[PDB]
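Below are the chains, spelled out letter by letter.
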Amino acid sequence: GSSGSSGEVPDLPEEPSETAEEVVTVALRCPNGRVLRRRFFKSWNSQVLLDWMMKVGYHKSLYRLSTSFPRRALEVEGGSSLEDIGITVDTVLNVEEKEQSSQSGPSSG
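Residues numbered from 1 in each chain as written, not as in the entry; some residues may be left out. Heavy atoms only, no water.

Structure determination for this PDB entry is given in the record as solution NMR.

So this is what it looks like as structure tokens:
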């Protein structure tokens, strides 16, 4: 079983169980209409989310994670846990298009 030099690809940590403690149920809502649901410990860091997004086929620099109604543009925190930011209980996320611009000209003071 000695394969040549394969490509490099990231991998997500085996999803937790339904009985596992300190575990919530997060679901990502795609702009296409489909919705994926998965569990995630309450100790993990929002950061892990960014990785899960790149797996489904979406980039962070292209989309962002938002909360449910009231909907609000959330921004991962390099240090705060999922439950620390506000993911202590089952919540629903909505992958929205990040605010970008491929132009310039006007300048405000």
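Having seen it, we continue.
Focus: the nonpolar core
Ranked by size, the top nonpolar core spans 16 residues in total, and within it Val 26, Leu 49, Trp 52 and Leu 65 carry the most contacts. The leading source of residues in this core is helix α1 (residues 47–56), at 5 residues. When sequence neighbours within four positions are dropped, the list of residues in contact with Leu 49 reads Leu 65, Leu 82 and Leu 93. (Core = buried A, V, L, I, M, F, W, Y, C linked by side-chain atoms within 4.5 Å. Buried < 20%, exposed > 50% of the residue type's maximum accessible area, 1.4 Å probe, protein only. Helix = DSSP H or I, 4+ residues; strand = E, 2+ residues; numbered from the N terminus. Contact = heavy atoms within 4.5 Å.)

Looking at the UniProt feature "domain: UBX" in the protein
In the numbering used here, UniProt assigns the feature "domain: UBX" to residues 19–95. Between the first and last C-alpha atoms of residues 19–95 the distance is 27 Å; the span itself is 18% helix and 30% strand. (UniProt positions renumbered as here; feature names shortened; annotations may be inferred.)

Comments concerning the pairing of strand β4 (residues 91–97)
Examined bridge by bridge, strand β1 (residues 23–29) and β4 share 4 bridges and lie parallel to one another. Across the sheet, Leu 28 pairs through a bridge with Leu 93, a residue of β4. Note that strand β3 (residues 63–66) and β4 share 4 bridges and pair antiparallel. Among the inter-strand pairings, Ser 66 is bridged to a residue of β4, identified as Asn 94. (Pairing = 2+ DSSP bridges.)

Brief notes about the packing of aromatic side chains
In total, this model carries 4 aromatic pairs according to the counting rule given. Look at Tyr 58 and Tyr 63: their rings are 5.0 Å apart centre to centre, the planes differ by 90°, and that puts the pair in the edge-to-face class. In this structure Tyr 58 comes out as partly exposed when scored by relative accessible area, which is 23%. The exposure class of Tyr 63 is buried, given its relative accessible area of 18%. Each residue in the set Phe 40, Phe 41, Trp 44 and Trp 52 is aromatic and connected to the rest through ring pairs, giving one cluster. (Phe/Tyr/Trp six-rings, centres within 6.5 Å; stacked < 30°, edge-to-face > 60°.)

Some details on unusual backbone geometry
Across the junction of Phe 69 and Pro 70, the peptide omega takes the value 0°, indicating a cis bond. As for its position among the elements, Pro 70 is in the loop between β3 and α2 (82–85). Not every positive phi belongs to a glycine, and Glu 22 is a case in point at roughly 45°. Accessibility expressed as a relative area gives 48% for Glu 22, which makes it partly exposed.

Notes on the environment of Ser 80
Its place among the elements puts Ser 80 in the loop between β3 and α2. A relative accessible area of 11% places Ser 80 in the buried class. Sequence separation of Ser 80 and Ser 46 is 34 residues, and the distance between their C-alpha atoms is 7.4 Å. Among residues more than four places away in sequence, those in contact with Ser 80 are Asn 45, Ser 46 and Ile 85.

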